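A.B. asks: Here come the first chain(s), positioned as in the complex:
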Amino acid sequence: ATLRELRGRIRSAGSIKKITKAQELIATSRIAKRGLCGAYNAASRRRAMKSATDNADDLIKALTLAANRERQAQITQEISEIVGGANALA
Amino acid sequence: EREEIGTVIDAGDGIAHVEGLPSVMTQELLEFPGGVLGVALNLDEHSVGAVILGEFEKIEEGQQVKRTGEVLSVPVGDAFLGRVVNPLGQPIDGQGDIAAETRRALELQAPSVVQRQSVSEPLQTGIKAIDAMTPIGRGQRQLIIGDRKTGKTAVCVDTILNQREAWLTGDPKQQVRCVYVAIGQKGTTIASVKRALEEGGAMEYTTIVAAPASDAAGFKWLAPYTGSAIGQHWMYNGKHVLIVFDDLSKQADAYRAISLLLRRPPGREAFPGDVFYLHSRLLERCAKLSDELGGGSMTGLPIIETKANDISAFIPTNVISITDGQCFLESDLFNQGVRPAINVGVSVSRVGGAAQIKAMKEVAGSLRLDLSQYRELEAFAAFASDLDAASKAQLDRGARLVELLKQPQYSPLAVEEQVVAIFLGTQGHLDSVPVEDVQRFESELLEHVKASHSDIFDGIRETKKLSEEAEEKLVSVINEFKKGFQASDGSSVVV
């Protein structure tokens, strides 16, 4: 279930990235003319959503690397089981 | 008649080991008592390992096995049209004998690299998404790949049904003979497919090779080759053939089963080291022959079922590498109402525009980029006012084009109708039409044009081009019909 969970997380992160990039562009437009504004309460929305888009990109990259490690490892483990059975039947 | 004989030395789950038969050939057909048939796959010093093609429970140690002196072969001829046969060419539809013109060995080599010519003739599927985005030419191998229940069989059946007008022309250069190979399918599923083909009058020109799920693994392994041999007989006689393999995943599973039972070394996913060879040998027989050999062709539509949409699995990877293009179907698109559920962003035809007629090539030129831009902009759907005019127009046009590519099942369209529909989409004639109405609008327009302006369709079909006069007449007809059309929200679609 590890690979399935990782793929679900990759899909979630991709959707979040798309939404945050759209919001960053909308904030760019609104600058020329809610609480997603970074440390504003504690322009700012544009920077916060650019940061969030970059963070989601990094998350997608890391999750994809983990997913590929898991995919390779599953192939290797499956082959190990198959060949172990074959050897024991040799 | 002084026959060479061997003896069954062991038998288990569809495999028999037979001593003797010193002169047996690799892949030779063998006869076991009770009219049981086997295939010699493993030849060694001690015995011959044989795949039993049916009634394995009849086999017993000590039974006499005879060699036939012949590798696997099947009868072939025109009489197989409209019939359902098993991978040995035997009818299973209960409709009597099939008169065979001749016999073909299943493993005859594919046409060579100098016995072909470039794929240049459209194989119209009648499905707008395919005929515009990933066109298929005669001689091409176009993989239909997707998860279960994504509409793969529906697309193949629609293609076969679309060949009916071509059949009725009576001209062998336009006619397409269809072979449907069912591998591992439930018998009533095959019956449903045949019923669908009969309703659309496709069994006139269609043969079904059936290897249902209850058949021996040998039959499932052999069925694609049998369908290929039947089709090849026509291909080498100047005919054009469309063969559907539904589906090659089941055939690979059957071959893996046989190989493991034969103790052949397993690799990734436990497949033998020649599964790629299995499918590539099958699919390279689909070809477009040169004029020296009669110019016939066979178009392959292998179907692959992915699990959780993992196209990097072993067998999908192999078949994707083998084929000339891929139609990826997706269940998420299917649930979104995008039917047929083809992912135009990842689907490809390497033959491309060479497989389209000029009119389709023209009207469909901008489709790919329009759809890509729409997919990029979809995030900004709710901010369309904030979008600049160009991006807003791109968003609206993409929505309308996505509606345009939708198609009901069992209803393929003629190439002229497809051209007119895509012309509506890509010439901005759907811009004034509400998205939710596009489909209906299109259908009605196509009805209208067929009722009173057939000359447009006639010009497109005869010339394969949309002339300037035809285009202007079509535009005026569109605007008049727009005056006539009632949007579901009541707003006029005029201007």
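C.D. replies: Structure's in. What do you need? Numbering: from 1, shown residues only, chains lettered A, B, ... in the order given.
A.B. asks: For residue B:147, the count of nearby residues, please.
C.D. replies: Other residues lying near residue B:147 total 19 when counted by other C-beta atoms under 10 Å in any protein chain shown. C-beta coordinates here come from the backbone N, C-alpha and C atoms, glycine included.
A.B. asks: contacting residues around it?
C.D. replies: B:305, B:306, B:307, B:308, B:309, B:329, B:330, B:331 (C-beta atoms under 8 Å, 6 or more residues apart in numbering or on different chains).
A.B. asks: quick one: contacts for the residue most central in space within chain B?
C.D. replies: Central residue check for chain B by C-alpha atoms, centre = their mean: the C-alpha nearest the mean position is that of residue B:301, 2.5 Å away. Residue B:301 makes contact with B:136, B:141, B:142, B:143, B:144, B:156, B:159, B:242, B:243, B:244, B:245, according to C-beta under 8 Å, 6+ apart.
A.B. asks: Which of the contacts of residue B:147 are buried, as a ChimeraX select command?
C.D. replies: To isolate the buried members of these in ChimeraX, using 16 or more other C-beta atoms under 10 Å in any protein chain shown:
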select /B:305,306,309,329,330,331
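A.B. asks: Intersect the contacts of residue B:147 with the contacts of chain A.
C.D. replies: Residues of the contacts of residue B:147 in contact with chain A (C-beta under 8 Å from any C-beta of the partner chain): residue B:308.
A.B. asks: which one among the contacts of residue B:147 gets closest to residue B:170?
C.D. replies: The shortest approach to residue B:170 among those belongs to residue B:329, at 33.9 Å (C-beta to C-beta).
A.B. asks: Isn't that closest one up against residue B:344?
C.D. replies: No - counting by C-beta atoms under 8 Å, residue B:329 stays clear of residue B:344, with 11.1 Å between them.
A.B. asks: Need the residues touching each of those two.
C.D. replies: Residues touching both residue B:329 and residue B:344 (C-beta under 8 Å, 6+ apart): there are none.
A.B. asks: As chain C, please add this:
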Amino acid sequence: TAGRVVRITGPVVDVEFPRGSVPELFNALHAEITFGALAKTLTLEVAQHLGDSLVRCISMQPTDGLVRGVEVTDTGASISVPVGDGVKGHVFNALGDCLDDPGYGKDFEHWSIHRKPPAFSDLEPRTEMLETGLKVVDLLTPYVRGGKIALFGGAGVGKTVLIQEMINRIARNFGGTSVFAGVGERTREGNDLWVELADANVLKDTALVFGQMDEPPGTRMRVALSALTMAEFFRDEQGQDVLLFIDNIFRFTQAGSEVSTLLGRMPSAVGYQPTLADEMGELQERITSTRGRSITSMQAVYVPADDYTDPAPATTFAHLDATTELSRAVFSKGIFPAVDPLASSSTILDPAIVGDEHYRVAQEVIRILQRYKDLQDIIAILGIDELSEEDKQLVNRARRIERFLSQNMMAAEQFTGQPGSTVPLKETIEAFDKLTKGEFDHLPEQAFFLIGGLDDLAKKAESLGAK
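C.D. replies: Let me put chain C in with the others:
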């Protein structure tokens, strides 16, 4: 001319026979265990001819106490079970012995449990809806009379409860014969079903065949064939409509995988036997209606580890006309039946068979739920307020729809304490048409949870202060 045990390894026994007396494949042989505590008569099924007059067989009972060299007798035939109207109202094991009245059915006609499936020319596709009264089933996974229905799911998502629900709604008023095959499932569940059928007075029309999960692999392999042989007799000889329930068919496959390597077969992917699809094909293709002879079959299919890509359920999917796929995700939300509306399917859900209105409403429900699934991660991170107005409306509608697909079932009262309900198909279609238009958007979503029709909805809403 008798054999003798040569090797014993768990449930697989090698038997040597005199040359010229090797039993045919699938023949039943008898061997004695004489140890007092475990004394019994083993039935062995011939699996392979190993050569040199040796056969590899699968024991039907545990081999504990079996001794090398003891006599093995060939019955000359396959395992055969009693058939006829007499099997109705009685409980049998995979070997045909009657459990509730031992010795009963000894004198009946007996049929071998190994049989070829119907000929292809005798097969007729079935397109006729079998209305259940369950909203989600009737709307999104309509069942087919005389067709093949499966309930897929991981462990403990409600396959058995839904099987009992379908016995309640379909078998109770059935005008034909019912066959229930317990394949490798809990003995307690079998006793519960037996008692419940006796209470409902459905037992008199039902033949029960049990091979429980505690039996050796051979029994779990053959019990389905035994039940199916009884059903086939009712289909082809008596010529009446038959209901066939199997819980759980996956056990068949699992049992086959448990003896595969002991039978000397190199394992396939994911540890399954190489013959997975072929054995499943034999069995499943026997489970079918033929022209004029109806078997409505309903199979519970266990999905190992909830992994729907697992080869067993993946291979099973091709054999069904309708599939209700149960989801752990839906279960954990408290939605019962835990049906995944997006993944489930039915071959008769198209306008031609079910009509334009039903098809349209079902497609709209699926589209809304798919969009909600797409939006769930965004709602989890950024919150709902960052959606567009239309997406917020769709999310509210989707939450109400997903809750309204849940239903208080008759078989679930033992768990909720709430009595069940039945919803007519027309009412279901109208209710979901209203829901997809937002006609109930003003009611609290908790008003839609585990109810029947629109009257139940109104009552619960008033109980919640809405209307």
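A.B. asks: The neighbour count of residue B:147 again please, chain C included this time.
C.D. replies: Residues lying near residue B:147 (other C-beta under 10 Å) number 21.
A.B. asks: roughly how far apart are it and residue C:343?
C.D. replies: Taking C-beta to C-beta, to the nearest Å as the measure, residue B:147 falls 10 Å from residue C:343.
A.B. asks: just residue B:69 next, same as before
C.D. replies: In this view, residue B:69 and residue C:343 are 52 Å apart by C-beta to C-beta.
A.B. asks: Packing partners of the lengthiest helix in chain A?
C.D. replies: Taking DSSP state H as the criterion, chain A has its longest helix at helix A:44-89. In terms of contacts (3 or more C-beta pairs under 8 Å, 6 or more residues apart in numbering or on different chains; DSSP states H and E), helix A:44-89 is packed against helix A:2-32.
A.B. asks: can we see that at 10 Å?
C.D. replies: Helix A:44-89 makes packing contacts with helix A:2-32, helix B:248-261, helix C:356-382 when contacts are defined by 3 or more C-beta pairs under 10 Å, 6 or more residues apart in numbering or on different chains; DSSP states H and E.
A.B. asks: How about the residues of the stretch 301-450 of chain B by chain C?
C.D. replies: B:305-308, B:310, B:313-314, B:331-337, B:339, B:381-383, B:408-410 (C-beta under 10 Å from any C-beta of the partner chain).
A.B. asks: Burial check on the residue nearest to residue A:83 when sequence neighbours are not counted, number of neighbours?
C.D. replies: In space, and not counting its chain neighbours, residue A:83 is closest to residue B:266: 7.1 Å by C-beta to C-beta, 6 or more residues apart in numbering or on different chains. Using other C-beta under 10 Å, residue B:266 has 23 neighbouring residues.
A.B. asks: Residue B:266: what's it in contact with?
C.D. replies: By C-beta atoms under 10 Å, 6 or more residues apart in numbering or on different chains, the contact list for residue B:266 reads A:79, A:82-83, A:85-86, B:256, B:259-260, B:272-273, C:266-269, C:274.
A.B. asks: following sequence is chain D, place it on the structure:
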Amino acid sequence: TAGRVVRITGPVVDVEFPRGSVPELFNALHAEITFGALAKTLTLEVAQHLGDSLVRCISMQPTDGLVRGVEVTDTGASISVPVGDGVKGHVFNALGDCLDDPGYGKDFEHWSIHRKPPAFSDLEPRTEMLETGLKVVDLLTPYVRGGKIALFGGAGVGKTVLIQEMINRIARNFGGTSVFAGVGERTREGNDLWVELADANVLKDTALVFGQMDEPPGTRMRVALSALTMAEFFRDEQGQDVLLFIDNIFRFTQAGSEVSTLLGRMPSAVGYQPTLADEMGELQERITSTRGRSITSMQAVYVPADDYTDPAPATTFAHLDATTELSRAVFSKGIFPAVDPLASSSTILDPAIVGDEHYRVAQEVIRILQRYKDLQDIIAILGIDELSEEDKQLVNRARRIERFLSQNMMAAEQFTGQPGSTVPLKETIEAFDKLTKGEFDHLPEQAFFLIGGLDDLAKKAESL
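C.D. replies: With chain D now in place:
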């Protein structure tokens, strides 16, 4: 002294020889299938010595119709391919048989396909740049002489035209020749390539070696070595520069995996053959520069699951000197060759190799194009008006630079009547330095489409 078939298991054939006549490893043996429909001569390749005078071999053709006990003849050598100038303009399979003219080249000199790389002392210790004359390649992703260039890009991006362009340039600029190795070649595409090269009139400059997809894994494994052997003859005996095209190298790796599985070897990680790295090294180390002559290779590389850490691409990229990615986006703009200047890379774009000025100009081009890519989304969604004036200046300059990376290619003369250009490296460096400095922003954009150096730029600017 001839052997006999003892076991047949698909493409694996066990053969028994008399005690003292056992063939050496990798020897080519010949057997006959006499059944009329499938009649053929099988080539087996000795893979293992099983002991007791048995050898295990991989059949190069399907074994259907083979009979136990048939005679097996030892040729006394490994698979050997014809070599010489005669192989140019002709199509061969992995065994040296001519496909376009059966029997052709049987009298040529024949070289064994199993050869060692140049001796360690015979190698050139310093990298060199293969000046192609194409602006984009020369400036941003210079190719290494004797190195390996990965090529990427789906159908329809101008990949075949780029291959034809490189064939042209190696033939006309370096006086060299080309060898195309279709590893796991689709027969339709092999035929298409043959006809297209004949139409382009570059077939005479190139030898085609096809190991087709529908062949057993052995030929798909050995076809790359066969093409490499022809290229090695051209480099070492005819003293020519050779360009060796391999499509697809991943299919060579996968055919190796299939063979390894067929021979009963236990798979390594992710199912590949245990000797994956050794096989790839044996292939790739033969592609080098030695004694003043070089084989340069452009190799199509498939990446499973887009996973660059997958063992096959990971092993292949240990040997790759440059990467050229062809982008549908660039192609759609009419910029040919459609090389994606940002995704493409070269390991010799360093000051120490190409010089300081080249490095500086290339980095400036990359920076401008990257900033343009960043501004692209704003341009598309909010419009170019929203951008600051400096952003507009950068957009104009970057658009001119990216159009100037286009060129009129030799192979493009057959579609557009105009001939191609060869821009010297110094000219490209100075032209792009001026372009980055902003000395042509006034000139119209179309002036930069499909031209050579600065003379062409001035000519087209005045013609507009």
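A.B. asks: Go back to the contacts of residue B:266, now with chain D?
C.D. replies: Taking C-beta under 10 Å, 6+ apart, we find residue B:266 in contact with A:79, A:82-83, A:85-86, B:256, B:259-260, B:272-273, C:266-269, C:274, D:261, D:264, D:267.
A.B. asks: do that again at 8 Å, thanks
C.D. replies: Going by C-beta under 8 Å, 6+ apart, residue B:266 touches A:82, A:83, A:86, B:256, B:259, B:260, B:272, C:266, D:261.
A.B. asks: can you tell me how far residue C:112 sits from residue C:290?
C.D. replies: 19 Å.
A.B. asks: what about the two, which has more around it?
C.D. replies: residue C:290 (20 against 14).
A.B. asks: isn't that one right next to residue C:125, touching?
C.D. replies: No - using C-beta under 8 Å, residue C:290 is not in contact with residue C:125, being 11.4 Å away.
A.B. asks: ok, and the closest non-adjacent residue to the residue in chain B positioned nearest to chain A?
C.D. replies: With C-beta to the nearest C-beta, the shortest gap between chain B and chain A falls at residue B:379, namely 3.9 Å. In space, and not counting its chain neighbours, residue B:379 is closest to residue A:22: 3.9 Å by C-beta to C-beta, 6+ apart.
A.B. asks: my read: that neighbour touches residue B:381, true?
C.D. replies: No - using C-beta under 8 Å, residue A:22 is not in contact with residue B:381; the gap is 9.3 Å.
A.B. asks: how far away is the residue in chain A that chain D sits nearest to from chain C?
C.D. replies: Chain A approaches chain D most closely through residue A:68 (4.3 Å), counting by C-beta to the nearest C-beta. For residue A:68, the distance to chain C equals 18 Å [C-beta to the nearest C-beta, to the nearest Å].
A.B. asks: residues in contact with that residue?
C.D. replies: Counting by C-beta under 8 Å, 6+ apart, residue A:68 touches D:305, D:307, D:309, D:310.
A.B. asks: ok, and of those, which contact chain C?
C.D. replies: Within the contacts of residue A:68, nothing lies near chain C by C-beta under 8 Å from any C-beta.
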